[PDB]
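Q: One structure, pasted below without further comment.
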Amino acid sequence: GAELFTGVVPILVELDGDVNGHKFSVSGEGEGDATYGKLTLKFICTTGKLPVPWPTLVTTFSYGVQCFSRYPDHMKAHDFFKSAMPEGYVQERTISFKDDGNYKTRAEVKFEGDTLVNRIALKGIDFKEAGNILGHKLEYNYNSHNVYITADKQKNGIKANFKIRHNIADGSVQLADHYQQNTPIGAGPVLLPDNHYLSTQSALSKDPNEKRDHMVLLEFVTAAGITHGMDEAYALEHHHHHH
Ligand SMILES: [Ca+2]
Ligand SMILES: [Ca+2]
Ligand SMILES: [Ca+2]
Ligand SMILES: [Ca+2]
Ligand SMILES: [Ca+2]
Ligand SMILES: [Cu+2]
């Protein structure tokens, strides 16, 4: 499945959401370049004004297509996400906003022809109408995060739990605790990984010529946490080691 990702792959993202009865839809288009761990995506709220802050949806849309992560060669044996392709994987999360509501997301990530599709349903409940989310108190920016991946042998898939921190307008932070589970759609074999993490950097921007409510996302994702043999083979002073 890795061979499906050596070039630039078109991406489509479709989301329907209901957060405290505020219904919305988003369509995204992008390009994924796993050779460089690189994603470029543009999301448009097709229903009008998005009723939650754009940053709160980044992981759902993208930490949404982790098949575009760069797994270094020495780690490619641990790449569940590409191994599940083209048939795809289910990705489910609960995202719990501290002192506020939660999103539950269910997505299917798979190829449709040459295009990698992420189809999502999102349900949000227990939000405070004047809290950081429904009150639009989150800054339009995004921090770097590590996503630790573990095998879920029972389900022939993977799991992850990680904390996203969203900068708030008053200078504080809104924690969004993520629990994630992924399971393969195909009946074919998949790679079950050793423990490792995805180091993810995300930059949000806008096209000044776009009048609709939208977000541009530029993201780089690299698998890490397992040290290549090179360091000991060549005595390279940059890894953790002892004398
Ligand atoms: Ca392009
Ligand atoms: Ca092992
Ligand atoms: Ca040394
Ligand atoms: Ca070293
Ligand atoms: Ca040590
Ligand atoms: Cu670590």
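A note on labels: chains of the structure tokens are A, B, ... as shown, every chain counts residues from 1, and ligands are counted from 1 in their shown order.
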Around ligand 6, out to 8 Å and counting only C-alpha atoms and all ligand atoms, which residues are there? I want them as a count of residues only.

A: 4

Q: Let me see if you get this right: every residue at most 7 Å from ligand 3, counting only C-alpha atoms and all ligand atoms, written as a PyMOL selection string.

A: chain A and resi 237+241-243

Q: Save the residues we just selected, N, CA and C atoms, as a PDB file, in the first residue's frame?

A:
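Here's the written file again-v8.pdb:
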```pdb
ATOM      1  N   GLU A 237      27.131  11.080  16.922  1.00  0.00           N
ATOM      2  CA  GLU A 237      26.852  11.766  18.179  1.00  0.00           C
ATOM      3  C   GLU A 237      25.630  12.675  18.063  1.00  0.00           C
ATOM      4  N   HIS A 241      22.811   7.985  23.948  1.00  0.00           N
ATOM      5  CA  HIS A 241      23.722   6.867  24.090  1.00  0.00           C
ATOM      6  C   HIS A 241      24.601   7.047  25.310  1.00  0.00           C
ATOM      7  N   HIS A 242      25.335   5.991  25.644  1.00  0.00           N
ATOM      8  CA  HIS A 242      26.191   5.943  26.822  1.00  0.00           C
ATOM      9  C   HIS A 242      27.580   5.465  26.484  1.00  0.00           C
ATOM     10  N   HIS A 243      28.550   5.966  27.243  1.00  0.00           N
ATOM     11  CA  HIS A 243      29.933   5.517  27.152  1.00  0.00           C
ATOM     12  C   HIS A 243      30.390   4.935  28.482  1.00  0.00           C
TER      13      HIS A 243
END
```

Q: With only C-alpha atoms as the atoms that count, which of A:120, A:235, A:4, A:190 lies nearest to residue 26 in chain A?

A: A:120

Q: At a cut-off of 12 Å around ligand 2, and using only C-alpha atoms and all ligand atoms, what residues come up? Please write them as a tab-separated table (two decimals) with C-alpha atoms, in the first residue's frame.

A:
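Saved to result28.tsv:
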```
chain	number	residue	atom	x	y	z
A	74	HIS	CA	13.66	2.09	9.21
A	75	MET	CA	10.12	2.57	10.55
A	77	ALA	CA	7.32	-1.78	9.14
A	78	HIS	CA	5.23	0.19	11.63
A	150	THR	CA	0.09	1.79	20.08
A	151	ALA	CA	-1.02	-1.48	18.57
A	191	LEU	CA	1.05	-3.78	9.92
A	192	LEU	CA	0.71	-3.66	13.69
A	193	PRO	CA	3.28	-1.25	14.99
A	194	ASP	CA	5.71	-1.07	17.82
A	195	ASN	CA	5.15	1.95	20.01
A	196	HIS	CA	6.12	5.16	18.24
A	226	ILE	CA	12.63	4.38	17.17
```

Q: Chain A near ligand 1 within 8 Å: what's each residue's closest atom pair and its distance in Å to one decimal, counting only C-alpha atoms and all ligand atoms, ordered by chain then ascending residue number, as JSON lines?

A:
```
{"residue": "A:30", "atom": "CA", "partner": "ligand 1", "partner_atom_place_in_ligand_line": "1 (Ca)", "distance": 7.4}
{"residue": "A:31", "atom": "CA", "partner": "ligand 1", "partner_atom_place_in_ligand_line": "1 (Ca)", "distance": 6.4}
{"residue": "A:40", "atom": "CA", "partner": "ligand 1", "partner_atom_place_in_ligand_line": "1 (Ca)", "distance": 7.9}
```

Q: Between CA of residue 124 in chain A and CA of residue 206 in chain A, what is the spacing in Å?

A: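 Straight-line distance from CA of residue 206 in chain A to CA of residue 124 in chain A works out to 25.4 Å.
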
Q: Pick the closest to residue 110 in chain A from A:56, A:154, A:183, A:46: which is it, counting only C-alpha atoms?

A: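 Of A:56, A:154, A:183, A:46, the one nearest residue 110 in chain A is A:183, counting only C-alpha atoms.
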
Q: Could you tell me, counting only C-alpha atoms and all ligand atoms, which protein and nucleic acid residues lie no more than 6 Å from ligand 4, written as a ChimeraX atom specification?

A: /A:231,236-240

Q: Write the residues of the preceding selection, restricted to C-alpha atoms, as a PDB file, in the first residue's frame.

A:
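What follows is the written file out-v2.pdb:
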```pdb
ATOM      1  CA  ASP A 231      23.746   5.897  14.860  1.00  0.00           C
ATOM      2  CA  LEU A 236      26.961   9.343  15.255  1.00  0.00           C
ATOM      3  CA  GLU A 237      26.852  11.766  18.179  1.00  0.00           C
ATOM      4  CA  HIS A 238      23.218  12.878  17.984  1.00  0.00           C
ATOM      5  CA  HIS A 239      21.256  10.032  19.506  1.00  0.00           C
ATOM      6  CA  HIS A 240      20.809   9.107  23.126  1.00  0.00           C
TER       7      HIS A 240
END
```

Q: To one decimal place, how far is CA of residue 105 in chain A from CA of residue 66 in chain A in Å?

A: 15.4 Å

Q: Hey, which of A:115, A:91, A:96, A:59 ends up closest to residue 202 in chain A? Count only C-alpha atoms.

A: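 Once distances to residue 202 in chain A are computed over only C-alpha atoms, the minimum belongs to A:59.
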
Q: Find the residues near residue 60 in chain A: any atom within 12 Å, counting only C-alpha atoms, skip ones fewer than 2 places away on the same chain, and give them as a PyMOL selection string.

A: chain A and resi 13-17+26+28+43+54-58+62-66+91-95+103-109+118-123+164+178-180

Q: For those residues, write N, CA and C atoms to a file as a CSV table (one decimal), in the first residue's frame.

A:
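Now in selection06.csv:
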```
chain,number,residue,atom,x,y,z
A,13,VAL,N,-12.0,15.7,1.6
A,13,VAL,CA,-12.6,15.6,3.0
A,13,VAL,C,-14.0,16.1,3.0
A,14,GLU,N,-14.9,15.3,3.6
A,14,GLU,CA,-16.3,15.6,3.6
A,14,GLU,C,-16.7,15.4,5.1
A,15,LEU,N,-17.3,16.4,5.7
A,15,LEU,CA,-17.7,16.3,7.1
A,15,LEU,C,-19.2,16.8,7.2
A,16,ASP,N,-20.0,16.1,8.0
A,16,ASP,CA,-21.3,16.6,8.5
A,16,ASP,C,-21.2,16.6,10.0
A,17,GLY,N,-21.6,17.7,10.6
A,17,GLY,CA,-21.5,17.9,12.0
A,17,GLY,C,-22.8,18.4,12.6
A,26,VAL,N,-18.8,20.6,5.9
A,26,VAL,CA,-17.5,21.1,5.4
A,26,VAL,C,-17.1,20.2,4.2
A,28,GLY,N,-13.6,19.7,1.9
A,28,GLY,CA,-12.1,20.0,1.7
A,28,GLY,C,-11.5,19.3,0.5
A,43,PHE,N,-10.3,23.8,3.4
A,43,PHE,CA,-11.7,23.4,3.9
A,43,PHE,C,-12.6,24.6,3.8
A,54,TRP,N,-12.5,26.9,13.7
A,54,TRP,CA,-11.7,26.0,12.7
A,54,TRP,C,-10.7,25.2,13.4
A,55,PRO,N,-9.9,25.8,14.3
A,55,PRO,CA,-8.8,24.9,14.9
A,55,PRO,C,-9.3,23.7,15.6
A,56,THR,N,-10.5,23.7,16.1
A,56,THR,CA,-11.1,22.5,16.8
A,56,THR,C,-11.3,21.3,15.9
A,57,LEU,N,-11.3,21.5,14.6
A,57,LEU,CA,-11.6,20.5,13.6
A,57,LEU,C,-10.4,20.0,12.9
A,58,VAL,N,-9.2,20.6,13.2
A,58,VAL,CA,-8.0,20.2,12.5
A,58,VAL,C,-7.7,18.7,12.6
A,62,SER,N,-7.8,16.2,9.5
A,62,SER,CA,-6.4,15.8,9.2
A,62,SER,C,-5.9,15.0,10.3
A,63,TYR,N,-5.1,15.4,11.3
A,63,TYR,CA,-4.8,14.3,12.0
A,63,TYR,C,-5.8,13.2,11.7
A,64,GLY,N,-6.4,13.6,10.6
A,64,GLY,CA,-7.5,12.9,9.9
A,64,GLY,C,-7.0,11.9,8.8
A,65,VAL,N,-5.8,12.2,8.2
A,65,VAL,CA,-5.3,11.4,7.1
A,65,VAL,C,-3.9,11.0,7.3
A,66,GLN,N,-3.7,10.3,8.4
A,66,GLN,CA,-2.3,10.0,8.9
A,66,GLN,C,-1.6,9.0,8.0
A,91,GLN,N,-11.6,5.5,11.4
A,91,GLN,CA,-11.0,6.2,12.5
A,91,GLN,C,-12.1,6.8,13.4
A,92,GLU,N,-12.1,6.5,14.6
A,92,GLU,CA,-13.1,7.0,15.6
A,92,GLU,C,-12.3,7.8,16.7
A,93,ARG,N,-12.9,8.9,17.1
A,93,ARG,CA,-12.4,9.6,18.3
A,93,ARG,C,-13.4,10.1,19.2
A,94,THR,N,-13.0,10.3,20.4
A,94,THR,CA,-13.7,11.2,21.3
A,94,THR,C,-12.7,12.3,21.7
A,95,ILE,N,-13.2,13.5,21.5
A,95,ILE,CA,-12.4,14.7,21.8
A,95,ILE,C,-13.1,15.4,22.9
A,103,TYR,N,-16.6,16.2,21.3
A,103,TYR,CA,-16.9,15.7,20.0
A,103,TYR,C,-16.7,14.2,19.9
A,104,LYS,N,-17.6,13.5,19.3
A,104,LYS,CA,-17.4,12.1,18.9
A,104,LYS,C,-17.4,12.1,17.4
A,105,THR,N,-16.4,11.5,16.8
A,105,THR,CA,-16.2,11.5,15.4
A,105,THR,C,-16.1,10.1,14.9
A,106,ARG,N,-16.7,9.8,13.7
A,106,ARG,CA,-16.5,8.5,13.0
A,106,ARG,C,-16.2,8.8,11.6
A,107,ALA,N,-15.1,8.3,11.1
A,107,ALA,CA,-14.6,8.6,9.8
A,107,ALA,C,-14.2,7.3,9.1
A,108,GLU,N,-14.3,7.3,7.8
A,108,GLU,CA,-13.7,6.2,7.0
A,108,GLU,C,-12.7,6.9,6.0
A,109,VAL,N,-11.5,6.4,6.0
A,109,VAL,CA,-10.4,6.9,5.2
A,109,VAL,C,-10.1,5.8,4.2
A,118,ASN,N,-11.5,11.2,3.1
A,118,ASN,CA,-11.8,11.1,4.5
A,118,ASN,C,-13.3,11.6,4.7
A,119,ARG,N,-14.2,10.7,5.0
A,119,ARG,CA,-15.6,11.0,5.2
A,119,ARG,C,-15.9,10.9,6.6
A,120,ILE,N,-16.4,12.0,7.2
A,120,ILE,CA,-16.6,12.1,8.6
A,120,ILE,C,-18.0,12.5,9.1
A,121,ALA,N,-18.5,11.9,10.1
A,121,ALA,CA,-19.6,12.4,10.9
A,121,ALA,C,-19.2,12.8,12.2
A,122,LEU,N,-19.6,14.0,12.7
A,122,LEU,CA,-19.2,14.6,13.9
A,122,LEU,C,-20.4,14.9,14.8
A,123,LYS,N,-20.4,14.5,16.0
A,123,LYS,CA,-21.5,14.9,17.0
A,123,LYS,C,-20.9,15.5,18.2
A,164,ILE,N,-4.4,17.9,22.7
A,164,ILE,CA,-4.2,19.1,21.9
A,164,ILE,C,-4.4,20.3,22.8
A,178,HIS,N,-7.7,13.8,23.3
A,178,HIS,CA,-8.1,13.0,22.2
A,178,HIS,C,-7.9,11.5,22.5
A,179,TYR,N,-8.9,10.7,22.3
A,179,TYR,CA,-8.8,9.2,22.3
A,179,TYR,C,-9.2,8.8,20.9
A,180,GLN,N,-8.4,7.9,20.4
A,180,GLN,CA,-8.5,7.5,19.0
A,180,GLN,C,-8.4,6.0,18.8
```

Q: Find the spatial neighbours of residue 146 in chain A, counting only C-alpha atoms, within a cut-off of 8 Å - ignore same-chain residues fewer than 5 positions away - and output them as a list in words.

A: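 So, after excluding close chain neighbours, the residues are residues 162, 197, 198, 199 and 200 of chain A.
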
Q: Kindly indicate which residue among A:52, A:39, A:158, A:90 lies nearest to residue 139 in chain A, using only C-alpha atoms for the distances.

A: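 Of A:52, A:39, A:158, A:90, the one nearest residue 139 in chain A, counting only C-alpha atoms, is A:52.
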
Q: Nearest to residue 101 in chain A among A:8, A:215, A:19, A:221, with distances taken over only C-alpha atoms: which residue is it?

A: A:19

Q: Would you mind listing what lies within 12 Å of residue 2 in chain A as a short mmCIF file (atom, residue, chain, number, x, y, z; two decimals) with N, CA, C and O atoms, in the first residue's frame, with only C-alpha atoms counted and same-chain residues fewer than 5 positions away left out?

A:
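To be explicit, this is the file written out as part07.cif:
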```
data_model
loop_
_atom_site.label_atom_id
_atom_site.label_comp_id
_atom_site.auth_asym_id
_atom_site.auth_seq_id
_atom_site.Cartn_x
_atom_site.Cartn_y
_atom_site.Cartn_z
N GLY A 7 3.93 9.48 -4.68
CA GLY A 7 3.72 10.74 -5.38
C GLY A 7 2.75 11.65 -4.64
O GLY A 7 2.47 11.46 -3.45
N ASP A 33 1.62 14.43 0.18
CA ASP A 33 2.93 14.14 -0.36
C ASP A 33 3.71 13.43 0.76
O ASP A 33 4.56 14.05 1.40
N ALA A 34 3.41 12.15 1.00
CA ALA A 34 3.97 11.40 2.12
C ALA A 34 5.48 11.28 2.06
O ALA A 34 6.11 11.09 3.10
N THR A 35 6.06 11.36 0.87
CA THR A 35 7.53 11.37 0.74
C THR A 35 8.15 12.42 1.66
O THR A 35 9.25 12.23 2.18
N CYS A 67 -2.24 8.48 7.02
CA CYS A 67 -1.56 7.79 5.93
C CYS A 67 -0.57 8.67 5.18
O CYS A 67 0.28 8.13 4.47
N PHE A 68 -0.65 10.00 5.33
CA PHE A 68 0.32 10.89 4.70
C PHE A 68 1.53 11.22 5.54
O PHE A 68 2.38 11.98 5.11
N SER A 69 1.64 10.63 6.73
CA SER A 69 2.82 10.77 7.55
C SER A 69 4.05 10.23 6.82
O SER A 69 3.95 9.24 6.07
N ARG A 70 5.20 10.85 7.06
CA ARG A 70 6.46 10.27 6.58
C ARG A 70 6.96 9.28 7.62
O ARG A 70 7.41 9.68 8.70
N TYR A 71 6.88 7.99 7.29
CA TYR A 71 7.56 6.96 8.06
C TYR A 71 8.95 6.80 7.47
O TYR A 71 9.07 6.38 6.33
N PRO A 72 10.01 7.15 8.22
CA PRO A 72 11.36 6.90 7.71
C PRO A 72 11.50 5.42 7.35
O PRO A 72 10.83 4.56 7.94
N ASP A 73 12.38 5.13 6.40
CA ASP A 73 12.56 3.77 5.95
C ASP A 73 12.67 2.76 7.08
O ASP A 73 12.03 1.71 7.02
N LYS A 76 9.20 1.91 8.40
CA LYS A 76 8.08 1.63 7.51
C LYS A 76 7.33 0.33 7.90
O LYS A 76 6.14 0.20 7.59
N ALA A 77 7.99 -0.59 8.61
CA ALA A 77 7.32 -1.78 9.14
C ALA A 77 6.22 -1.47 10.16
O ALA A 77 5.43 -2.34 10.52
N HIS A 78 6.18 -0.23 10.62
CA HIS A 78 5.23 0.19 11.63
C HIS A 78 4.11 1.07 11.10
O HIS A 78 3.37 1.64 11.90
N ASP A 79 3.98 1.19 9.78
CA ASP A 79 3.01 2.10 9.17
C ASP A 79 1.67 1.40 8.92
O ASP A 79 1.40 0.90 7.83
N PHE A 80 0.85 1.36 9.96
CA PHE A 80 -0.49 0.79 9.85
C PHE A 80 -1.32 1.48 8.78
O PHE A 80 -2.04 0.84 8.02
N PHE A 81 -1.22 2.80 8.75
CA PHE A 81 -2.15 3.62 7.97
C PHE A 81 -2.06 3.32 6.47
O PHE A 81 -3.08 3.14 5.81
N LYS A 82 -0.84 3.26 5.93
CA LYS A 82 -0.68 2.92 4.51
C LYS A 82 -0.99 1.46 4.25
O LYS A 82 -1.53 1.13 3.19
N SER A 83 -0.66 0.57 5.20
CA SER A 83 -0.87 -0.87 5.00
C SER A 83 -2.33 -1.20 4.82
O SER A 83 -2.66 -2.17 4.13
N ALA A 84 -3.20 -0.40 5.43
CA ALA A 84 -4.64 -0.61 5.34
C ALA A 84 -5.22 -0.20 3.98
O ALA A 84 -6.39 -0.48 3.71
N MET A 85 -4.42 0.48 3.16
CA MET A 85 -4.87 0.96 1.86
C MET A 85 -4.70 -0.12 0.78
O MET A 85 -3.84 -0.98 0.92
N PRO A 86 -5.51 -0.07 -0.29
CA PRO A 86 -6.51 0.96 -0.60
C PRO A 86 -7.88 0.81 0.07
O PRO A 86 -8.68 1.74 -0.02
N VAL A 190 -2.53 -6.25 7.73
CA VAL A 190 -2.07 -4.91 8.05
C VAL A 190 -0.85 -5.00 8.96
O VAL A 190 -0.58 -6.05 9.55
N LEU A 191 -0.12 -3.89 9.06
CA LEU A 191 1.05 -3.78 9.92
C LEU A 191 0.62 -3.31 11.29
O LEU A 191 -0.01 -2.26 11.41
#
```

Q: Go ahead and compute the interatomic distance for CA of residue 141 in chain A and CA of residue 182 in chain A, in Å to one decimal.

A: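 Separation between CA of residue 141 in chain A and CA of residue 182 in chain A: 26.9 Å.
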
Q: Would you please give, as a ChimeraX atom specification, all residues of range 106-219 of chain A that DSSP assigns to strand (DSSP E or B) based on the backbone?

A: /A:106-112,115-125,138,145-152,157-168,173-184,196-205,214-219

Q: Quick one: of A:176, A:217, A:169, A:138, who's nearest to residue 61 in chain A, counting only C-alpha atoms?

A: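 Of the candidates, the smallest distance to residue 61 in chain A is held by A:217.
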